[PDB]
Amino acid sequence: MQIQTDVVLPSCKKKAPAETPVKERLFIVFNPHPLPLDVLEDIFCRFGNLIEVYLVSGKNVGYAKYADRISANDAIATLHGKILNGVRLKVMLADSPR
């Protein structure tokens, strides 16, 4: 599993239980192609309270469900605009994209 990034990351945290009701949602937009799912889970669990991350099939869009608003905001502040494994990322609130 590759981790090549230009940002300092927190350690991996445990995911919230899969059935946890969703509190915050993020769009992840990949330029030029999406990243593998295991990489995405490793990266996005690091902010805590990650319920799930998945890709929209065959598209450059992923979706991050968090059990905590502050955690998702941390993921935005840390990852938006950064490069991961050769891919540029946009991370934004799903309900109000920038």
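Start at 1 with the first residue shown and count on from there.
- The entry lists a Cα temperature factor for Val56 that places it in the highest third of the chain's modelled residues.
- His80 sits in the lowest third of its chain by CA B factor, as recorded in the PDB entry.
- Annotation for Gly62: C-alpha temperature factor in the lowest third relative to the rest of the modelled chain, per the entry.
- Sorting the modelled residues of the chain by their CA temperature factor places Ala18 in the middle third.
- Ranked against the other modelled residues of its chain, the C-alpha B-factor of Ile70 as given in the entry falls in the highest third.
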